[PDB]
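A.B. asks: Here is my input, please return the structure:
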Amino acid sequence: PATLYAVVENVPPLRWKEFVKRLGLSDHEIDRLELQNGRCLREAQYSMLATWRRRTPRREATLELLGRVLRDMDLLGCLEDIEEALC
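C.D. replies: Numbering: from 1, shown residues only. Pasting the structure now:
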């Protein structure tokens with residue numbers, strides 16, 4: 001969960017969907033995330049990091065898949081900040 005808060009802050013909100021597209025989650029589910037709760041953008045972005053752990057069958061390394069997305073988006077600096085959150 002703490003890593004999810006880091007990804008929500010380190011990753012930009014406006015381009016979050018693009019970051020989500022790099023995540024590989026169903027594109028249509030991404031649009032539905034706003035319906036789940038758009039009153040709180042952090043809750044929406046958190047929905048991706050939270051719903052992903054639930055909907056995706058990833059037993060562990062949830063940030064790992066996200067980290068690879070960061071590297072593709074040149075967000076390695078952000079992962080280091082997110083990594084600091086875990087530490």
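A.B. asks: which non-adjacent residue is nearest the residue nearest in space to the middle of the chain?
C.D. replies: Centroid-nearest residue in the chain: residue 49, 4.4 Å away (criterion: C-alpha atoms, centre = their mean). In space, residue 49 comes closest to residue 4 once its chain neighbours are excluded; the distance is 3.6 Å by C-beta to C-beta, 6 or more residues apart in numbering. C-beta here means a position set from N, CA and C on the backbone, and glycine is covered the same way.
A.B. asks: Show residues contacting the helix or strand containing residue 21.
C.D. replies: According to DSSP states H and E, residue 21 maps onto helix 16-23. If you take C-beta atoms under 8 Å, 6 or more residues apart in numbering as the criterion, helix 16-23 is touched by 11-12, 27, 30, 44-45, 48, 52, 65-66, 69, 72-73, 75.
A.B. asks: at 7 Å what do you get?
C.D. replies: Residues from elsewhere that reach helix 16-23, judged by C-beta atoms under 7 Å, 6 or more residues apart in numbering: 11, 27, 30, 45, 48, 52, 65-66, 69, 72-73.
A.B. asks: Can you flag which of those residues belong to helices?
C.D. replies: 27, 30, 45, 48, 52, 65-66, 69, 72 (DSSP state H).
A.B. asks: Farthest-apart pair in these, please.
C.D. replies: 45 and 72 (18.0 Å; C-beta to C-beta).
A.B. asks: Between the two, point out the one with more neighbours.
C.D. replies: residue 45 (23 against 10; other C-beta atoms under 10 Å).
A.B. asks: Who are the contact partners of the more buried one?
C.D. replies: Residue 45 sits in contact with 8, 13, 16, where contact means C-beta under 7 Å, 6+ apart.
A.B. asks: How about residue 69, nearest residue that isn't a chain neighbour?
C.D. replies: residue 22 (4.3 Å).
A.B. asks: What is the burial count for the one you found?
C.D. replies: So residue 22, with other C-beta under 10 Å, has 18 neighbours.
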